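Chains as they are written, first to last, in the entry's author numbering: chain A, 4 to 274; chain A', 4 to 274; chain B, 1 to 244; chain B', 1 to 244; chain D, 22 to 69; chain D', 22 to 69; chain C, 50 to 243; chain C', 1 to 243. A prime marks a further copy of an entry chain. Beta carbons are placed, not taken as given, at the ideal position from N, Cα and C, and that holds for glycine. First up is the structure itself, then whatever we jot down about it.
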Ligand SMILES: CCCCCCCCCCCCCCCCCC(=O)O
Ligand SMILES: CCCCCCCCCCCCCCCCCC(=O)O
Ligand SMILES: N[C@@H](CCC(=O)N[C@@H](CS)C(=O)NCC(=O)O)C(=O)O
Ligand SMILES: N[C@@H](CCC(=O)N[C@@H](CS)C(=O)NCC(=O)O)C(=O)O
Ligand SMILES: [Cl-]
Ligand SMILES: [Cl-]
Ligand SMILES: [Cl-]
Ligand SMILES: [Cl-]
Ligand SMILES: [K+]
Ligand SMILES: [K+]
Ligand SMILES: [K+]
Ligand SMILES: [K+]
Ligand SMILES: [K+]
Ligand SMILES: [K+]
Ligand SMILES: [K+]
Ligand SMILES: [K+]
């Protein structure tokens, strides 16, 4: 079972007045990092302190406050009036790096879609057009064209809006077949295959794809789309060592080796 | 009367721990499919099981959850500023196949209309225009032109909106003269006629038509319209064998004979 | 008394099954995330078959081949349960079942003398990916009982900072202070159970952060030994033996 | 009701672990010496280490290779635990431990038709020695999962009368009556536990006493199949795997 | 999953205007799976 | 800071539709900072 | 329960595809059939009731009921073993290997049918309904195999049919459920219907 | 229809907004929450865990060697061993630490800091060093005498291999900016001071022993530490879409 409790606080710890200490008994400053434990020396034991009723809160560092805001996860333009986006958050590094701070996490999500019409030279147009975003779960048929039958969307969820209306937005629940999404997986995607391409990816994190189209054909122009995602009701487990190297691939955590993280200085004795 | 009860559950069945069994009395594994009854052997009787408090829900497979979403039922373009659509769900296969999973069903419906203006080459236009959708019950006069008197719509329900506004939407109650809609009818549409063309269609399922027009004449362009329908408050009876062949006709279930449903494999002994 | 004065005694004895491990220079014992290994709850379980719980036949200490702390030593790591997948009955139960769940007791050993200096970080990392290569080699993702040598210690083989590996359960073997590290690890996963031949829940790393040095003429051959014991294990989905 | 009128129903189901055996032409079930398998009592035990009790991983039905009831068939036999010494986790636990103790559930199968006639004696003999030869061959004393063919059925391979083998737990498979025999056997030995690789406590024999005959033209290929399940097993003295 | 603090107030006259039903239970499938006159216990043989 | 007069009423069926959680506390970090078996008091020496 | 289109081979057309071929053997321990147990993938299960609805969803969970009915003459006897092999490797190659998994030994007699319950044994609470690999790597969810072997042999009297059939049924158990509705891949059209 | 008046802000997409919205799968029922060790509710739990400071960030030090503070037998007294600005969010040795990373995800911080040091020489190697914290106002102390006038601890190498110097929160305001960027914001205003280490006596060793040894430096937030105003971590960037 759990031998270490986790009592909750809503403010940081206060400082209590302390006095001098000349003894052979209590030695707060002496530590032993070898144990694997972080020092337990308090301010009051290292110096003489005053009373400080500290009312500073801890809200902005809660998982909900840290993750509870939208970030870009997809950005693309239609081709032939259609685009197929496989749902995954490895394309854009900012949100990706945030999620990788936890090993496992459960959360609902709010997706927001911002779309505009652009021409061949990628210049934005003031043109209102209806667009459809359809969620195609794995196993369902993905439309090949802008007018394929799958767009009937009688079972697949779809959202139809217009570039002239406010951004489209819908919430999605925690959908994994697992009991938490995994942001680090030391294993393979299947039995009987040990090729590197199938390592480090947990399939249950892939819930399908979003296919987008304009309901009718645009003449010479395309639909530009940005998809934002915002985690909600976050529950997380096992904090991880933060990413310290640039991302190189969308599906793997491969990186370029380095001999330093921070820049060098002239000498260790000059701050 | 009813000799078999139907108690309701909100979660699937739990698994209870079981032990070994060596007897001549209880023989759960032995069955007789000839009776017409599905096996009643439980997991606990076939193998030694552990306790599993299963909290998996059953909500997503309820009739309401299965049918409760919009699907395309009509799609057309005006001609001469008008279009007459006979209300029936056989044109687009996705929703059609879903409904045919039940023999009889009662439900209200939410209709959603999405319309845009397109030119002769079928290219979408950013043009806001007022359009009118009028429900003409059987027996009422159907307008011949975009400006006929029937559009006065003093009795027929009509909905007037604009391609610049959000999709139009209205609910309709369970309107059949019958006590349930029928998705399979082994009979004829009338007495004294046994021609094939009048077989397999129950007239009470046809509540009329939707006639559409632009309130004023478009210059060289047309109105493109999509109609979606979403069943609500569903009550169903007698599950049916699912469609297993492509649909060929809008009004009949005629099909092309086949000698197999799934694709072949090399041999029955290799999975 | 050790618990009376509020300190941790430097001696320790670990007894599991028919095996006993002792050390006279320990530095307390770490219990990962403050949690001891526990059995799967009926409300968390999903697989319905009655599980197999081998007990002492699998929950005991297995000692792996030793590793030499060479001059060029960058570190060494082992994947769990991979490293024991072919040792004793733990290995057999792992091979014969689709599903496995269990905790661990890890004991890393490295003694030198009061004339040597050096420091090893002993860390147990959950879901530790070896992703320094575009296409990771199976020999490095699943090195077996021999374990594998580190090639990129500074970046922890996964693109993070070695110095931040302390966020995971760990201890240090600082030659002037102790000669062993002990870690108790609970089962961690996003699932109640998983396949022991397709997924490694933990990775044990032993990394030299302060190079081994010593008074001129002292013993230069200093081995590092790892002894691991599965704890509170259970298996489901019995069939013929299958290895990765 | 079967127990009400005082008779034995001809159908039966045997469920152990993840295995279930059914028969619709049984002839009751025999419980050797009226005793079901039982665990070793603290007052009978001598080995002091905590035992391993594998449970469902080893206590389940294992089906061995079938044997053909040929025209010249004299009978076939299997030694226990020898026959399963290399099957599943039962075999693994047997190999990894010095000591073993356990019972059995044996199910012999042989179906023909109402147009065939023949009778097989299915007997489980404690300490059955194959001593027809001056120096018994290991291949015959420990035939493994394939079992061995009888060469001297009349003398039961041990110098006694076949007809008196009925003093041991047994049943008959008389084609006109039943197509299977089932025997539950408790552990029997002069010791609380013993080595599973040096001693076979029971020997299962299937001997034709009335030759297989049938209406001209009927199926001539009639197999005999043996399915055996270890029951209430425990092991002591863990070490590396060792086979005889 | 579903909320325990849902506000259900109908703004329209006809029930057809109401939102989707929120029950979603399942029932014993016996009328479809075992529509027989004579009960056949799981422990006994089906026909005798 | 935060309000003491906040109105929390859910308009939708599924909890996934709900607004962000409003707790935001922190807990004793011991399971991460001091995950050791033997308690080591701040006033005494760690190892003895 | 509904019939599995189990004999899906070139030589079998229409109704014959529901029959598992059984015949008098002249060798022992032979195999009769094999099948992946996954209810939503392309194959023998796709046209069953269970398969159709499973194909309307993205995830599933629960034990499965596989029932078999012998259809030979009253005089035809035999014993077969039906086994479920949890995932990890390939389908079992011989009876000895198959026999190590979950199984039932079936004896032909008055009660014409037998049920093999494929218990829910999975790492996660749910499994994806497709095993599509190229894009999603869903082969990760493979649920295992079901195989059938001769336990003894099919035996018949003189001049009797030396071949017989077994019908295979499948259904969901009471602990079965589905999640995430999706369009059934089998229903499609190339143009409006008239 | 209830009379309403829509206001400014209508239709806008504020990334930090918090409204209720229709669910794509209204009747979906998620998998149960199971018992998983290590649940974290607030990242303050993480920054309180000690991590190594990349303190020896000089040209000659590559990789792992950058975590080691060089110590050697002296032939002069009162010499300096190392120096560092204590600010947790600025570029430098602290930026790659746990504390540094999270501090870099925020614009303001407050609280005492824990700097722990572990000596890694041989059991026979002795020594005493003084570690001092110099509150702001001037430049880093030039000699031990000057440094010694501030907050400090005298560390004696022995059985207990480590020592902790608490850099108490001593600031004019309740919070400090996490960057000291000057050119634009003049944030040098928030400099928190320096931490320096000096030989109190000397590192002494027996015959033929290594005359050089190392000290590892750890840092973590104290229980009165907090962060405000989330911002994107400057270290995470990309020049094009990833494939
Ligand atoms: C119909 C409206 C469309 C709106 C979008 C719905 C998207 C549904 C998919 C949600 C799945 C989120 C899973 C997040 C985890 C992915 C992590 C990873 O990339 O590894
Ligand atoms: C005035 C606004 C117009 C909105 C549309 C109203 C439509 C009213 C008709 C509803 C009838 C629905 C019956 C569904 C059954 C048809 C089944 C079939 O095709 O066989
Ligand atoms: N391919 C069609 C034209 C496209 C079309 O009408 N597609 C229909 C039936 S295949 C559809 O399902 N459309 C969905 C939509 O566009 O909303 C043709 O035969 O000309
Ligand atoms: N046909 C008319 C022109 C059309 C017109 O005015 N139609 C009238 C009376 S017939 C009407 O009912 N219009 C309905 C509408 O357009 O809303 C004429 O005589 O020129
Ligand atoms: Cl598939
Ligand atoms: Cl497949
Ligand atoms: Cl800066
Ligand atoms: Cl600066
Ligand atoms: K306080
Ligand atoms: K202390
Ligand atoms: K601290
Ligand atoms: K339940
Ligand atoms: K039965
Ligand atoms: K059933
Ligand atoms: K046990
Ligand atoms: K047990």
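Item	Value
So for residue 158 of chain C', helix, strand or coil by DSSP?	coil
Compare the C-alpha of residue 24 of chain D' against each of D'/51, D'/33, D'/44 and name the closest.	D'/44
Closest to residue 111 of chain C' by C-alpha separation, out of C'/134, C'/23, C'/87, would be which residue?	C'/87
Would residue 27 of chain A' and residue 124 of chain B' qualify as a contact pair, given that the criterion is a beta-carbon distance under 8 Å?	no
What did DSSP end up calling residue 82 of chain A' once you bin it into helix, strand or coil?	strand
Under 7 Å: does the beta carbon of residue 32 of chain D sit that close to some heavy atom of ligand 4?	no
Can you give me the start and stop residues for the beta strand (DSSP E) that residue 230 of chain C sits inside?	226-230
Out of A'/150, A'/99, A'/130, A'/152, state which residue places its alpha-carbon closest to the alpha-carbon of residue 156 of chain A.	A'/99
Let's test the definition: count the other Cβ atoms within 10 Å of the Cβ of residue 203 of chain C' and tell me whether it reaches 16, buried, or not, exposed.	buried
Check residue 259 of chain A' in the structure and name its three-state DSSP category.	coil
Considering only their Cβ atoms, is the gap separating residue 129 of chain C from residue 197 of chain C smaller than 8 Å?	yes
Count the CB pairs spanning the region 150-163 of chain B and the region 60-70 of chain C' that are closer than 8 Å, and state whether there are at least three.	yes
With hydrogens ignored, establish whether the beta-carbon of residue 160 of chain A is closer than 7 Å to any heavy atom of ligand 1.	yes
Indicate, with yes or no, if ligand 6 has a heavy atom lying under 7 Å from the CB of residue 180 of chain C.	yes
Give the C-beta separation of residue 86 of chain A' and residue 215 of chain A' to the nearest angstrom, bearing in mind that I take them to be a contact with Cβ-Cβ under 8 Å.	5 Å
Using 7 Å as the cut-off, classify the Cβ of residue 184 of chain C' as near or not near the heavy atoms of ligand 8, replying yes or no.	no
Examine ligand 12 and report whether any of its heavy atoms sits within less than 7 Å of the Cβ of residue 15 of chain A'.	yes
Below 6 Å CB to CB, which residues in the same chain sit around residue 181 of chain B once its five sequence neighbours on both sides are set aside?	108, 122, 171, 173
For a quick check, are the C-beta atoms of residue 137 of chain C and residue 187 of chain B less than 8 Å apart?	no
When the cut-off is 8 Å and only beta carbons count, does residue 54 of chain D lie next to chain A'?	yes
Does the CB of residue 70 of chain D have a neighbour CB from chain C at under 8 Å?	Outside the displayed range of chain D (22 to 69) lies residue 70 of chain D, so it cannot be described from this structure.
Look at the alpha carbon of residue 245 of chain C' and the alpha carbon of residue 52 of chain D', and state the distance between them as a whole number of angstroms.	No answer is possible for residue 245 of chain C': the residues shown for chain C' start at 1 and end at 243.
For a contact defined as C-beta to C-beta under 9 Å, what are the partners of residue 20 of chain C' on chain D?	Near residue 20 of chain C' there are no residues of chain D at all, since even the closest Cβ is about 10 Å away, more than 9 Å.
Output the residue ranges of the alpha helix (DSSP H) runs that lie fully inside the region 115-176 of chain B and measure 4 residues or longer, sorted by chain position.	138-141
Anything in chain B' within Cβ reach of residue 52 of chain C, meaning under 7 Å, just list it in chain order.	The premise fails here: residue 52 of chain C is roughly 22 Å from chain B' at the closest Cβ pair, so nothing lies under 7 Å.
Here's the rule: buried if 16 or more other CB atoms are within 10 angstroms of the residue's CB, otherwise exposed. What is residue 102 of chain A?	buried
By the three-class DSSP mapping on this structure, what secondary structure does residue 70 of chain D have?	A question about residue 70 of chain D goes unanswered here, because the residues of chain D that appear run from 22 up to 69.
Who are the Cβ neighbours of residue 82 of chain B in its own chain at under 6 Å, not counting the five residues just before and after it?	142, 200
Determine the closest residue to residue 231 of chain B' out of B'/22, B'/43, B'/14, B'/222, with distance taken between C-alpha atoms.	B'/14
Would you kindly work out how many angstroms separate the C-alpha atoms of residue 37 of chain A and residue 24 of chain B, rounded to a whole number?	15 Å
Report the neighbours of residue 65 of chain B' on chain B: residues whose CB is nearer than 8 Å to its CB, in chain order.	Residues of chain B passing the Cβ test: none, with the nearest at roughly 15 Å.
Which chain B' residues are close to residue 236 of chain A', counting only those with a beta carbon under 9 Å from its beta carbon?	Those do not exist, as residue 236 of chain A' stays about 46 Å from chain B' at its closest Cβ, beyond 9 Å.
By the three-class DSSP mapping on this structure, what secondary structure does residue 201 of chain C' have?	coil
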